Structure formats: structure tokens, C-alpha cells
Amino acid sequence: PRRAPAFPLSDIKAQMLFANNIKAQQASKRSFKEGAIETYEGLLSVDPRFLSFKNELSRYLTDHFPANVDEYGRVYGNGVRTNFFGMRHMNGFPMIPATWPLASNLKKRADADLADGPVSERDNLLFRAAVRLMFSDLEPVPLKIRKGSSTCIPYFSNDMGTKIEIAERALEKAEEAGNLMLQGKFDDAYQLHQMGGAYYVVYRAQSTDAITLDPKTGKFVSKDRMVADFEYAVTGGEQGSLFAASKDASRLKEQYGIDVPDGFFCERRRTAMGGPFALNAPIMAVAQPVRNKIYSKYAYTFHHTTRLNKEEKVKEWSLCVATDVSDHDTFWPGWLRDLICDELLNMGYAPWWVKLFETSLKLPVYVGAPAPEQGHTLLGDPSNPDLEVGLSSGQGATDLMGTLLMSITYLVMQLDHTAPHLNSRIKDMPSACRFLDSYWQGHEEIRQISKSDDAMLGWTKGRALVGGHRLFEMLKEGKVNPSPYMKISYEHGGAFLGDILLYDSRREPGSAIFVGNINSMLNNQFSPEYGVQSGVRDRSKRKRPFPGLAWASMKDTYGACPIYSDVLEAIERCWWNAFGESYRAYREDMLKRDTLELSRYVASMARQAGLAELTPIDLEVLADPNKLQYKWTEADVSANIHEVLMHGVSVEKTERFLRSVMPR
């Protein structure tokens, strides 16, 4: 029932994705690679002392700090939600094979009993109202670019100067490209302006994943991760197979001479997609202004910073429901892309821009290396973009596409199961906008705090409260999906954007507090996703620019966890046993070295200026800028720090571009 076309690297369609330069040619051909990450300078993830440390620590902490999660998934007591065995992976060595990305998610959605469009007129008005509220009265801002990020297809440049030139040229030629696409001239738009082609698939590590200890055998068991073979991916699951990837690490001894202790596994690998930068630049020029609007006007629902910022909102609720979405990106509906595009057109957005936006969400995908002897295949024909992959991770507005889908999905759930008395407030477009604008500001008796697939749903006192409790009960039972749009359940140990909601004996939001997740501190410190990249001279271009700095923000981030001191002492004791060294002293030296190095990058910082002016967010972001992609935003970071990590295209060029896109 319609298989996606697939082309080998040798085919002209795939060759046209890679420019005649070394980096682009190497990206096309790069074979499956694996190896121990440099966890910290001079320390490999597979160092026997380090693995001994992880074995002792994971065992000790699980033993002394068992999970304290009630029947309703509320975390209490010690603030622990699971075992500490997630650290037991051979970081840098992936599970084999990684998945082939599904070319079409239509069958996947239909088989999961999810809708192929808005179910009712109300829902149609609410999704359209979300577009109207989000894309409205936008103010131009400079187009900010992450330092060291790739331009991907076709140039594969990491040079800031080249990236600035590409973005400026893209804003100049986006109209001409979009008009070519409106005429079905995708090849011309790509050939002339590099707008089109495909997403470049890279496989990224999820460094920690579920591991359990079988009491009967005393053997560890890793969580099975289902992967699609090539046949399954091109047929949207009609043919081929979906099977468990192998996390068995025994192979490392034979292949690499690495001693593998018992109960240590290969890492979970996730697909990540890099977009063609010339196509993303015009999209990002609108996406950043949208973020600024939603994080300002709709800050209640959308702008999340500290544990206290979150706590102030939640404390006022009579009921707090922490939801979970199954595989958000792969289930994300193409009908939403079409609805968004249709509404933008109705608002008066430039048709050429809407076509670029639509095209970015139908684009083919170039598969690199999921396993040895596999990959190097283009899925979909770039001459006529028609894929249904769900949400591509490298699309210029992915966060906004997930936020738009989910914010409405949760409101619909609250309407359907708890507040039918509010349905009369949604009669047409003006009333749908008025209602949504009030709801997003936290002015209704039904509330939410969300970001993409993470949310907390609230009820104050009122008519909807009783329904709220029935919905929570329905979730606990887990027999009926409460949504026609996505697979929704409750989170087993409710947390929001990394902070655990710690309840007391009362099990009420009013007396509950947000605390940092101690397990995330452990994940970040002992299982980083990337190595230190010691060979990359420019630290601002590394995946972990200043790792040592995280020690300075630790107490601020994690200090409120009931077991904070206990964990730090357990670390010290175990590190002493494994290395014969003080972990605290080791981290204090790393903090000193990184603080000194940082002044080289900050113009306001003198040769030995300390971290006095820096916030804990600034420090966490400098140690892990990936937190800027899922946890925080540009506005949450000090201005002098933002400039270390990003560079921008002038507001003059974006202002002129934006004027041509927008209705008014």
C-alpha cells in the first residue's frame, strides 16, 4: 500500500545531497563507528576503575534508596523514582542495530486507534486558534546560530562565517525558492538555493536506559528497545520486522580487548536528524519570534525556569496530573502540518513561506549507518517531498510543532473528561481564540504547564475538579486512552522538565515541592552523552564546553533532593574505593581549570574573573548546552554567556525578511 522510494548512495538522487568537498563526501560515506568516550580528560568510559565505581555505586544506592512512588505515580519520601542501574552502560558502544526511520507513520497511528484529523469542530477551532495565537503579532529578532553546528545537506560546514553567509543568502532567496516549490519545481529550488534535498540521519546515544536486577538469578536485564529493519521503515510497517536491538556488551572483549564486567550493556541509540540549513534559516527567522511571544504572553503555560518558578503555579492547584506521551515525534501527525499551513495562509502569511514550512515537514531522509554493513540509503524522492516521518528533530520549529500538538491535546482531554460546561465558550474562531488566550494565561479553572511531550495538568476548585479526579483514576487504570490524538498515560514518578514533584503525607499540590532529580545529576556526571572532545581547541564548539562548571551549580540544581548529601557521600566513598582519590577534590580542580578557561571566551571576564556574575542556569548550560535544546531558552541565559555559545545574523536582514513573510 505505497512503499517509499529508496536510493543507494551511488544513485544521482543521493549524490546530489553532498557537495563536492571533503566533509560532505565523508558524511555521505561515513561507516558505523564505536569506541569508549573520554568521560573526562584522561578518563575513558570503560576504564576498569570507573566501571568498578559504577558497579559499587549503582548497587549501593539502589539498596539504600529504594523508589518512593505511590499507586498514582506520585513521588514522596526520599524523592527516588527507580533503581540506580541506568549508569551501567559501556558509553560510546551502541546497541546493534539502530532503527531505520519510518517513512510513513499513517498505519502506525491508525493501528494505535489515533485520529487522522481533528475529531470535532471544536478541536479544529482550538488547533487553529493555537496557530492564530502563536503566529500573530511577532517582533523580529536576530537569527541566532549555535557555534560548531553543521549546515548538513549539502555543504556540511561547521564554520560560523560560512553559516552566516548561507543564512543571509537564504533569507534573500527564500521567496524565489518557495515560489519554485509552489510550481512543483523542488529540484530547481534545491539546485539554486539548497532548499530541499533531505534530513541527514545521525544516531545519538541515550547514555542511560532501564536496567533491572533479577532476584531469582542475580543477573541484570536491560530494557528491550524495538527497532525497524529497512523493509518495515519503507512500508510503514506493512512488511518487514520490528525486533529488539541487541544491548549485549560481551562482543567488546572479542572485538576490542575490553573487559566487560557483569551487568554492563551497550547504549540505547536514538535517531537524530540534521536539516538542510538553507531551508531551516527562513523557518528559524519566524520560529524564534514565536518562542519569544509564547514565553512572554503565555509564560504561565510555556515559560519554565527554576524549581520555584514551577512550584508557585502548581501550589495553587487542587489536583496535579503528570502525563506521559508514547513516542511523541514518530506519532506526530502530518494532518497537523497541513492544518497549520492552511491556518497560516488564512491569517495572511506569504504563500511562498508557508510552502517552505510545509516542505520541511515532508522531506526525504538520508540514512547513515544504523549498524556495520548497513545504511547509506536515501528514503523518499527529493523531487517530490511526500514523507510522513512524524516530527523531524532537525526541523527549524520542532519544539513549537510538539508544543502546539500537545498543548491542545491536553486541553481537549480536560474538556472531554472534566469540563463540558466550557464547550459553550468555544463557538467560532474569535471565541476559540479568547478562550485559548485565557487558558494559556492560567486564568481558567483548568490549567497546564507544558513543553512538547512533558506536562502537568491542573484543576483549581470548581465544577471541573470532580472530573479531574475521574480522569486521574482512568489514567491509573490504564485500560482506555483518554485522547483520540496521542497515546497518553500517567508518569510513574511525576516530574516536570527534570524537577520531581515531591508530595508529603497529604498527597496534595498545595504542600508538594519541586526538587532536582538526583538520578539526572548521576546521569550527567557519570554517563555524559558525549566525550570531552579534548582535540577541539575552540571550547564553545564542543558538545560539553566547560564540564567542570557543573560542580559550581550542583547544590543549586540538586540541593533540595532529600538524599542529596547521602548521594555525594556515597560517590566520595565509592570513588575512593575505585581510584584512591577524592572525587570532591578532583571536581574542585576541574572547576578551577574550567573557570580560568572560561574568561578566555567572555569579553567582560578578566584573565582571572570568577563565576560571581553567573547564574546556576548559565553554569549548567556551559557544561551541557543540550539543556538549551530541551530544558531552557535563550532568555534564561545571561547575555554575556549566550554570546559564548551562539552567534547571530543582523536584525536588519531578519527585519526585512520578516516584513515580507508576515501579514502585518
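Start at 1 with the first residue shown and count on from there.
K.L.:
Averaging C-alpha B-factors over each stretch, which comes out higher, 163-171 or 252-260?
P.N.:
In the deposited entry, the stretch with the higher C-alpha B-factor mean is 252-260.
K.L.:
Per the record, averaged over C-alpha atoms, which has the higher B-factor: 389-397 or 68-76?
P.N.:
According to the PDB entry, the answer is 68-76.
K.L.:
Among the choices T409, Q191, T306, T359, identify the one whose CA B-factor in the record is greatest.
P.N.:
Going by the entry's C-alpha B-factors, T306 comes out highest.
K.L.:
Report the option among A287, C574, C341, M195 whose CA atom has the maximum B-factor in the deposited record.
P.N.:
Most elevated C-alpha B-factor of the set, per the entry: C574.
K.L.:
In terms of the CA temperature factor given in the entry, to which third of its chain does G35 belong: lowest, middle or highest?
P.N.:
Lowest third - that is where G35 ends up once the chain's C-alpha B-factors are sorted.
K.L.:
Please place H642 in the lowest, middle or highest third of its chain according to the CA B-factor in the PDB entry.
P.N.:
Its C-alpha B-factor belongs to the highest third of this chain's values.
K.L.:
What third of its chain, lowest, middle or highest, does the C-alpha temperature factor of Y490 fall into?
P.N.:
It falls in the middle third of the chain.
K.L.:
Would you mind checking where the Cα B-factor of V651 ranks among the modelled residues of its chain, as the lowest, middle or highest third?
P.N.:
Its C-alpha B-factor, which the entry lists for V651, ranks in the highest third among residues of this chain.
K.L.:
Would you check the entry's CA temperature factor for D556 and let me know if it's in the chain's lowest, middle or highest third?
P.N.:
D556: CA B-factor falls in the highest third of its chain.
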